[PDB]
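Asks: If you scroll down you'll find the structure; I have some questions about it.
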Amino acid sequence: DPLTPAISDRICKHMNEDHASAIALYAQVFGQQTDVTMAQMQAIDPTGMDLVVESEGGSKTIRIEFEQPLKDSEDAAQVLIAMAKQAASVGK
Amino acid sequence: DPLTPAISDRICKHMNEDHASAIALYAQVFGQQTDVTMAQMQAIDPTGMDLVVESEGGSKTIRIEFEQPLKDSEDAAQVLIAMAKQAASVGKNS
Amino acid sequence: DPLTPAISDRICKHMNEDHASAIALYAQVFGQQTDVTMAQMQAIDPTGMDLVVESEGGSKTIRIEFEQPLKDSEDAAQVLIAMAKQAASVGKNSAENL
Amino acid sequence: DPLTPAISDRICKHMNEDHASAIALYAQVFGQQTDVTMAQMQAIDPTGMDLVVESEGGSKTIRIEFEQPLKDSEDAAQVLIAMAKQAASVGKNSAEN
Amino acid sequence: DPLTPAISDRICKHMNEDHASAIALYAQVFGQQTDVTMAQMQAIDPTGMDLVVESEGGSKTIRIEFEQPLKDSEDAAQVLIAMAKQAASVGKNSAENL
Amino acid sequence: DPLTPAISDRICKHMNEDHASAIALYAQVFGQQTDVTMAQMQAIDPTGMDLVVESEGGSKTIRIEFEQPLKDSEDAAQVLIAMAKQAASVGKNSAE
Amino acid sequence: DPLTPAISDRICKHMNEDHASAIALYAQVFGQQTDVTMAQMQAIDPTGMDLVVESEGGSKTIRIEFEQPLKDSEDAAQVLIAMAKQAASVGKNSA
Amino acid sequence: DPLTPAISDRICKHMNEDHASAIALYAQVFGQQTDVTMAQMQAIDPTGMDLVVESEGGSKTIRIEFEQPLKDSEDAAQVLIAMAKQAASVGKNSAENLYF
Ligand code: HEB
Ligand code: HEB
Ligand code: HEB
Ligand code: HEB
């Protein structure tokens with residue numbers, strides 16, 4: 001159940017390097033952003049994640065909270081996977 | 001996270017729990033297997049991974065090798081995702 | 001040239017004599033046959049093509065459908081070339097009985 | 001499809017869009033040209049084909065002849081596909097300054 | 001006779017005096033040289049070869065790194081023989097100008 | 001050597017000079033003619049051939065069509081040889 | 001029609017893909033080879049033809065000559081057709 | 001380089017392993033042997049070489065002598081290369097049994 005600054009940043013690097021498309025979906029679907037360009041996961045915490053978005057407003061940073069609290073990095077991956085699939089359906 | 005049986009255990013249990021569909025795709029496309037009732041992941045290593053496509057009353061021990069060897073845990077996740085994408089594409093054009 | 005049953009006969013003839021290896025790949029990767037042996041393109045259609053695969057089971061006549069429909073003879077070659085390349089990548093991550 | 005000037009137009013069109021990479025291989029291996037920018041198949045004949053590699057000081061108007069003469073459009077492609085495989089092998093064992 | 005710098009000098013002598021024509025073929029085929037007046041073999045290394053081409057531009061030292069690495073002096077002769085034969089096939093398709 | 005009107009003349013002349021007997025068999029078996037004295041090949045098309053026969057009636061211009069269409073001169077020769085062999089077999093197993 | 005090395009390749013093809021039994025009959029009744037297992041026509045020239053009976057000891061490269069000279073490809077066909085007839089006659093004989 | 005038992009074994013080996021065709025040529029042309037099956041270079045000497053041809057009826061040990069004596073291993077290669085081109089030339093002009 002370890003969610004530290006280091007744990008968060010490796011998780012955010014994997015997402016920013018292997019699943020950058022999903023981060024864009026998070027900002028558009030969950031963060032009601034339209035012109036998503038270079039969406040990045042800045043940090044993730046047991047409660048939510050912080051997304052640096054580059055949209056019409058500019059280079060701002062938003063926060064998306066997870067309904068069920070996260071305990072460990074695995075709970076993060078499962079939630080991120082589920083949110084991306086659910087977000088993929090709304091966008092279509 | 002470098003090559004170590006313990007790190008491989010967590011990875012094959014994460015895939016066996018979160019991406020069991022991908023394991024099934026591996027057995028059908030790469031393993032040339034037709035009757036996949038329950039495809040499982042027994043082990044992984046830089047050369048290749050070892051899959052077990054069993055059945056209600058059967059078992060298949062198979063080995064799938066990665067073209068380019070894997071060094072750490074994040075490269076294993078990059079190869080697996082890409083392999084699932086390649087297998088997901090084959091299922092479409094058939 | 002627009003897709004025609006006569007044009008298909010010409011395409012299948014070229015494939016069986018100049019690119020017979022690809023036909024074998026198509027039936028392993030897209031037809032999921034294990035044994036390879038000889039491989040023949042019996043006919044091609046705007047929706048898909050029919051292959052006669054000699055396999056572990058034996059003489060089988062299977063059909064492989066193209067995701068995007070084919071319009072002319074040129075699209076046939078382009079799809080055939082692309083499908084063979086995709087099979088070449090899968091074949092490179094081959095398997096073996098442990 | 002017996003060799004005719006009209007057939008050549010079709011073949012050169014197919015090669016310049018679907019197999020332009022092979023045309024590049026032809027010019028370097030068989031044409032002995034090093035600076036390859038845009039390799040094109042202008043025309044093909046039963047004796048040979050004319051490739052164009054536009055470069056500094058004018059387009060490389062060059063002629064590569066097929067050792068054994070071609071009869072139909074199928075015979076042309078058979079020759080081409082084999083010339084490109086010989087070009088893929090040679091290019092692998094390439095040289096450099 | 002595993003590859004060594006002394007062994008390379010020996011090999012380059014045999015090729016440079018008994019198979020000097022083949023050296024020209026190497027430079028033309030593999031080194032994409034067109035005019036050849038005197039082709040020479042400076043040195044051979046486990047993975048490659050250094051050639052002096054005295055033609056076309058002029059003084060010109062090129063290197064043909066073999067796609068297959070060598071193990072001994074025998075691999076050099078076998079590789080050199082095979083490369084010359086393969087180069088002979090390209091020579092059969094003459095390249096000219098319009 | 002794809003079938004062309006110039007190629008047809010070349011094939012028909014060869015057939016009329018080296019295999020005139022076979023042309024007679026075609027008219028009897030495939031053209032169902034009886035008393036053939038001289039048989040000649042006029043033209044060969046991708047789909048069929050024209051035969052000039054002298055039978056029980058007078059000079060007759062008949063047409064014999066090949067079940068499978070012919071593409072080149074080689075298919076013509078192979079088809080002609082097989083058709084002559086089939087006619088040669090009927091004469092062996094035929095009576096009247 | 002004019003007998004050229006290119007024409008010979010065309011002629012040998014016809015007699016080797018079709019009427020292949022004719023080539024073997026030739027090197028048996030005109031040629032003096034007894035064990036014929038793969039008779040092949042390598043080349044046709046004006047004076048004769050280079051028959052090759054690939055065998056255990058060696059490809060029996062053997063030459064048969066045409067008493068009457070050949071003029072064009074047509075004379076070749078006429079000469080070949082007639083030679084196969086004397087071969088269906090000498091090959092199948094009584095005792 | 002200089003004439004030695006091992007020098008002969010490695011030249012005859014290089015020949016039995018890389019140029020077995022040339023050994024076959026040397027026998028047909030120079031040794032007047034015909035219908036050769038397995039031609040081999042048993043030994044090479046400054047004066048000549050000993051070739052072992054295998055024939056349908058009986059094996060053969062023939063000797064082909066070099067007009068000008070060989071001094072070192074390099075002279076051996078240069079002599080064989082020449083004899084092989086000569087035999088190739090004689091190979092192009094092939095005879096056959098005539099019939100009518
Ligand atoms: C977006 C969402 C998502 C998705 C969709 C995915 C999808 C995926 N994936 Fe993932 N992952 C993830 C998210 C994800 N993912 C995460 C978050 C993680 C974690 C990371 C870290 O921790 O850093 C992972 C992780 C991971 C891993 C590792 C594990 C260990 O290390 O133990 C692997 C192998 C994978 C695979 C995979 C695959 C094959 C796929 C396809 C099916 N993955
Ligand atoms: C498999 C796949 C494939 C491949 C790999 C190929 C490869 C090739 N290719 Fe190919 N193609 C093809 C498929 C193909 N292909 C097709 C399908 C076609 C069409 C045919 C018909 O139409 O018939 C062609 C066709 C063709 C042509 C045309 C001919 C005529 O016109 O008739 C040419 C020229 C060529 C070339 C070529 C080359 C050079 C190569 C190498 C790179 N192609
Ligand atoms: C180009 C390529 C090539 C070729 C073609 C050849 C071809 C030949 N070859 Fe040689 N080789 C060679 C490259 C060569 N080669 C080399 C590299 C060697 C080695 C050298 C040294 O080691 O130094 C030899 C080596 C050799 C030897 C040895 C020597 C000693 O031991 O010292 C001999 C004998 C010979 C012969 C010969 C012949 C007979 C022939 C046929 C013509 N070669
Ligand atoms: C009827 C059917 C038939 C038959 C049976 C035959 C049979 C025969 N055949 Fe014959 N062919 C023919 C039909 C035929 N065929 C044709 C169609 C041709 C083509 C012609 C033209 O193109 O003109 C020939 C062609 C021919 C040739 C070529 C010539 C030139 O180039 O000009 C020769 C060599 C011959 C041989 C022969 C022989 C040896 C025989 C056996 C006796 N053919």
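Please note that chains go A, B, ... in the order of the structure tokens, that every chain numbers its residues from 1, and that ligands are numbered from 1 in the order shown.
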Find the spatial neighbours of range 35-52 of chain F, counting only C-alpha atoms, within a cut-off of 12 Å - ignore same-chain residues fewer than 5 positions away - and output them as an MDAnalysis selection string.
Replies: chainID F and resid 2:30 57:77 79:80
Asks: Let me have all residues with an atom within 9 Å of ligand 2, counting only C-alpha atoms and all ligand atoms, laid out as a ChimeraX atom specification.
Replies: /C:7-15,18-23,73-85 /D:1,7-8,10-15,18-23,72-85
Asks: Show me, as number ranges by chain, the residues that have an atom within 8 Å of residue 96 in chain C when counting only C-alpha atoms, minus same-chain residues fewer than 4 positions from it.
Replies: B: 31, 62-64
Asks: Go ahead and write the selection's residues with N, CA and C atoms as an mmCIF file, in the first residue's frame.
Replies:
```
data_model
loop_
_atom_site.group_PDB
_atom_site.id
_atom_site.type_symbol
_atom_site.label_atom_id
_atom_site.label_comp_id
_atom_site.auth_asym_id
_atom_site.auth_seq_id
_atom_site.Cartn_x
_atom_site.Cartn_y
_atom_site.Cartn_z
ATOM 1 N N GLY B 31 0.809 -18.025 -30.129
ATOM 2 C CA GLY B 31 0.971 -19.445 -29.760
ATOM 3 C C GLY B 31 0.350 -20.410 -30.752
ATOM 4 N N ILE B 62 3.340 -23.650 -23.126
ATOM 5 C CA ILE B 62 3.882 -23.039 -24.378
ATOM 6 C C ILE B 62 4.861 -21.903 -24.051
ATOM 7 N N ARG B 63 5.795 -21.599 -24.957
ATOM 8 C CA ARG B 63 6.787 -20.554 -24.747
ATOM 9 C C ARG B 63 6.707 -19.563 -25.897
ATOM 10 N N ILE B 64 6.573 -18.281 -25.568
ATOM 11 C CA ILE B 64 6.582 -17.209 -26.553
ATOM 12 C C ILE B 64 7.799 -16.340 -26.275
#
```
Asks: Measure the distance from CA of residue 89 in chain F to atom 1 (C, counted along the ligand's line) of ligand 4 in Å and round it to one decimal.
Replies: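 Computing the Euclidean distance for CA of residue 89 in chain F and atom 1 (C, counted along the ligand's line) of ligand 4 yields 14.3 Å.
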Asks: Which parts of chain C does DSSP call strand (DSSP E or B) when run on the backbone here, written out as a list in words?
Replies: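 The strand (DSSP E or B) residues within chain C come out as residues 2, 39, 40, 41, 42, 43, 44, 48, 49, 50, 51, 52, 53, 54, 59, 60, 61, 62, 63, 64, 65, 72, 95, 96 and 97 of chain C.
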Asks: For the residues in that selection, give me N, CA and C atoms as an mmCIF file, in the first residue's frame.
Replies:
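To be explicit, this is the file written out as part.cif:
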```cif
data_model
loop_
_atom_site.group_PDB
_atom_site.id
_atom_site.type_symbol
_atom_site.label_atom_id
_atom_site.label_comp_id
_atom_site.auth_asym_id
_atom_site.auth_seq_id
_atom_site.Cartn_x
_atom_site.Cartn_y
_atom_site.Cartn_z
ATOM 1 N N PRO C 2 -11.624 -1.456 -61.914
ATOM 2 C CA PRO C 2 -12.662 -1.842 -60.952
ATOM 3 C C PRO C 2 -12.638 -3.334 -60.670
ATOM 4 N N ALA C 39 0.107 -23.409 -49.905
ATOM 5 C CA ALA C 39 -0.947 -22.434 -49.607
ATOM 6 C C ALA C 39 -1.447 -21.830 -50.908
ATOM 7 N N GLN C 40 -2.756 -21.794 -51.124
ATOM 8 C CA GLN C 40 -3.237 -21.346 -52.448
ATOM 9 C C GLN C 40 -4.375 -20.335 -52.363
ATOM 10 N N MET C 41 -4.311 -19.269 -53.167
ATOM 11 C CA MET C 41 -5.406 -18.271 -53.225
ATOM 12 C C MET C 41 -6.401 -18.724 -54.285
ATOM 13 N N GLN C 42 -7.503 -19.337 -53.863
ATOM 14 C CA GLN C 42 -8.523 -19.868 -54.795
ATOM 15 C C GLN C 42 -9.273 -18.713 -55.434
ATOM 16 N N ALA C 43 -9.680 -17.735 -54.636
ATOM 17 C CA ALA C 43 -10.427 -16.611 -55.186
ATOM 18 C C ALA C 43 -10.354 -15.433 -54.227
ATOM 19 N N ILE C 44 -10.529 -14.238 -54.785
ATOM 20 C CA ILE C 44 -10.548 -13.003 -54.015
ATOM 21 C C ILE C 44 -11.793 -12.209 -54.390
ATOM 22 N N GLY C 48 -13.614 -10.274 -49.189
ATOM 23 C CA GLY C 48 -12.552 -11.110 -48.675
ATOM 24 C C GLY C 48 -12.061 -12.070 -49.731
ATOM 25 N N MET C 49 -11.178 -12.967 -49.306
ATOM 26 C CA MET C 49 -10.573 -13.949 -50.189
ATOM 27 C C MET C 49 -10.728 -15.340 -49.596
ATOM 28 N N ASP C 50 -10.721 -16.340 -50.470
ATOM 29 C CA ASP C 50 -10.868 -17.738 -50.083
ATOM 30 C C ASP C 50 -9.558 -18.475 -50.317
ATOM 31 N N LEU C 51 -9.029 -19.080 -49.258
ATOM 32 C CA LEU C 51 -7.763 -19.796 -49.285
ATOM 33 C C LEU C 51 -7.984 -21.290 -49.107
ATOM 34 N N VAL C 52 -7.205 -22.088 -49.831
ATOM 35 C CA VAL C 52 -7.201 -23.537 -49.666
ATOM 36 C C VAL C 52 -5.920 -23.844 -48.902
ATOM 37 N N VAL C 53 -6.072 -24.141 -47.618
ATOM 38 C CA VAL C 53 -4.954 -24.391 -46.721
ATOM 39 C C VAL C 53 -4.832 -25.881 -46.435
ATOM 40 N N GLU C 54 -3.644 -26.428 -46.710
ATOM 41 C CA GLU C 54 -3.369 -27.830 -46.310
ATOM 42 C C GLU C 54 -2.766 -27.696 -44.912
ATOM 43 N N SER C 59 -6.801 -30.907 -45.833
ATOM 44 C CA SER C 59 -7.318 -29.940 -46.832
ATOM 45 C C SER C 59 -8.449 -29.100 -46.246
ATOM 46 N N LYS C 60 -8.230 -27.801 -46.094
ATOM 47 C CA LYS C 60 -9.248 -26.878 -45.619
ATOM 48 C C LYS C 60 -9.359 -25.703 -46.574
ATOM 49 N N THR C 61 -10.587 -25.274 -46.823
ATOM 50 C CA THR C 61 -10.860 -24.089 -47.625
ATOM 51 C C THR C 61 -11.463 -23.055 -46.685
ATOM 52 N N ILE C 62 -10.699 -22.001 -46.410
ATOM 53 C CA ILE C 62 -11.070 -20.975 -45.448
ATOM 54 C C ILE C 62 -11.237 -19.646 -46.175
ATOM 55 N N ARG C 63 -11.870 -18.698 -45.486
ATOM 56 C CA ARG C 63 -12.121 -17.365 -46.017
ATOM 57 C C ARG C 63 -11.596 -16.323 -45.042
ATOM 58 N N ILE C 64 -10.810 -15.381 -45.553
ATOM 59 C CA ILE C 64 -10.281 -14.269 -44.771
ATOM 60 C C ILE C 64 -10.865 -12.975 -45.317
ATOM 61 N N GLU C 65 -11.456 -12.176 -44.434
ATOM 62 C CA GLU C 65 -12.128 -10.944 -44.818
ATOM 63 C C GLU C 65 -11.241 -9.742 -44.528
ATOM 64 N N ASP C 72 -10.806 -1.516 -56.111
ATOM 65 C CA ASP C 72 -10.229 -1.842 -57.408
ATOM 66 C C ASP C 72 -9.116 -2.867 -57.227
ATOM 67 N N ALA C 95 6.218 -18.983 -31.468
ATOM 68 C CA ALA C 95 6.082 -19.748 -30.237
ATOM 69 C C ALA C 95 6.662 -21.146 -30.415
ATOM 70 N N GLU C 96 6.763 -21.862 -29.295
ATOM 71 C CA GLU C 96 7.263 -23.230 -29.278
ATOM 72 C C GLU C 96 6.687 -23.952 -28.069
ATOM 73 N N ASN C 97 6.481 -25.257 -28.218
ATOM 74 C CA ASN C 97 5.920 -26.054 -27.135
ATOM 75 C C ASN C 97 6.951 -26.223 -26.027
#
```
Asks: Quick one: residues within 9 Å of ligand 1, with only C-alpha atoms and all ligand atoms, as number ranges by chain?
Replies: A: 7-15, 18-23, 73-85; B: 1, 7-15, 18-23, 72-85
Asks: Distance CA of residue 4 in chain H-CA of residue 69 in chain H, one decimal place?
Replies: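 Separation of CA of residue 4 in chain H and CA of residue 69 in chain H: 14.4 Å.
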Asks: What's the 9 Å shell around residue 68 in chain G, counting only C-alpha atoms, without same-chain residues fewer than 2 positions away, as a PyMOL selection string?
Replies: chain G and resi 47+65-66+70+79
Asks: So that I can see what lies close to residue 94 in chain E, please list as a PyMOL selection string the residues with an atom at most 10 Å from it, counting only C-alpha atoms and leaving out residues fewer than 5 positions away in the same chain.
Replies: chain D and resi 30-32+48+63-67
